[PDB]
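Consider the single chain below, provided in structure tokens and representing the form solved without this ligand.
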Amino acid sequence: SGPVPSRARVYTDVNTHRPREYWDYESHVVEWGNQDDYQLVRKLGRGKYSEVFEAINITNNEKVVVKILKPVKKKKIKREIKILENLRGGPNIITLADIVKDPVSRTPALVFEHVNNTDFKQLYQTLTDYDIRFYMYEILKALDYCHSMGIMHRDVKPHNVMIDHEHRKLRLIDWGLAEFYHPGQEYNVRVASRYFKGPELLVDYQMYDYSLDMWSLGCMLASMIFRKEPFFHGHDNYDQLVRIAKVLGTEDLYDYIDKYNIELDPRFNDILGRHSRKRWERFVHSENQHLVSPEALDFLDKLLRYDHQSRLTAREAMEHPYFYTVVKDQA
């Protein structure tokens, strides 16, 4: 008795009708640029892992960002490269400028067009109600695009949203966990950051889709309008689901598990307990009340749902009343 199959409600077959070269990253041949074009200027507080630097293109004195990919699984590298190249020029997507490698160590690096290195996490506490809606809308522009291009980001979080507030420009970055969506395909659930993992990842449901990014976006929104970062603050993957269940309730969780015939890790039995669904108004207080509205709560309610199929798509999200003034001002 295995799990019930699932399909994305939107963009389900975008990759099936595209040439093979588009999504078949393993057959992609990487073309190397000249590493001598670039010199490191200063290290950036990023993943602190596969390390990222501010750099300069000394051939034209343009500022760039360099991401050295150490260690080196070759398959994961080609995936990120292919996705970056596929999405290049798209709305609010970071631009891959070049690909180089150390002639000696053979260690590859990506070179990105320069982006103002303030992340949504640094920016949000100073933003008004309107600005949050504005930037949330901008993020939806990027997600709807990448989803329409048959790609799920799978690592949506404040750290991966670069914002130049001066020029009101936004870029979605770090596509190292991103993947092509193919209807019916089972994916690895060990993706995203713990605080932004969807219930599908936590209960080990592999046939997930773009809607994973929408849960992550919901976590971001909740943390910002309620001023509680991160909103679901688990100490591990197991506790993470517990933190969610204390808000969304255990009844809908078990409805979700039943609906898709999911086999829950038996270790959840003694930790999950029984919890009522909490009204969103419970998280509202004097310090955050200026960021909360009936529209924000309704919008949030339609993102943070166990059932990935029931969550708003990126496109449906952009049509929500929460963004009415933003859309009207854009025209």
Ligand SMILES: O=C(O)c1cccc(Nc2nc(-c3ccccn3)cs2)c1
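Numbering starts at 1 and follows the sequence shown. For the two forms, the rigid core is made up of the largest set of C-alpha atoms that agree within 1.5 Å on superposition. Only residues modelled in both forms are compared.
Absent from the display: the form deposited with this ligand bound. The rest refers to it.
Remark: blocked binding site. Placing this ligand in the deposited bound form onto this structure by local C-alpha superposition gives 3 or more atoms within 2.4 Å of a backbone or C-beta atom. Only one of the listed residues (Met149, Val203, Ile94, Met207) places a non-hydrogen atom within 4.5 angstroms of this ligand in the deposited bound form, and that residue is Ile94.
Only one of the listed residues (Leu248, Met162, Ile257, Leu87) places a non-hydrogen atom within 4.5 angstroms of this ligand in the deposited bound form, and that residue is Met162. Taking the partner from elsewhere, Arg305 is found to have every heavy atom lying beyond 4.5 Å of this ligand in the deposited bound form. Proximity of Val52 to this ligand in the deposited bound form falls within the 4.5 Å heavy atom cutoff. Put simply, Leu44 is close to this ligand in the deposited bound form: some heavy atom of it is within 4.5 Å. Proximity of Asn116 to this ligand in the deposited bound form falls within the 4.5 Å heavy atom cutoff. The residue that stands out in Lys78, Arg171, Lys141, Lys121 is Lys121, the single one whose Cα moves by 2 angstroms or more between the shown form and the other one on a rigid core fit. Core-superposed comparison between the shown form and the other one: the CA of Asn188 stays below a 2 Å shift.
Once both forms are overlaid on the rigid core, the distance between the two CA positions of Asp255 between the shown form and the other one is under 2 angstroms.
Once the cores line up, the CA of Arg305 ends up less than 2 angstroms apart between the shown form and the other one.
In the deposited bound form, the Cα positions of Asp119 and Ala178 lie at least 3 Å farther from each other than in the form displayed.
A decrease of at least 3 Å in the separation of the C-alpha atoms of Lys48 and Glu26 is found in the deposited bound form, compared with the displayed form. Fitting the two forms on their rigid core shows CA movement of 2 Å or more between the shown form and the other one over runs of at least three residues at 45-49, 102-106, 117-122.
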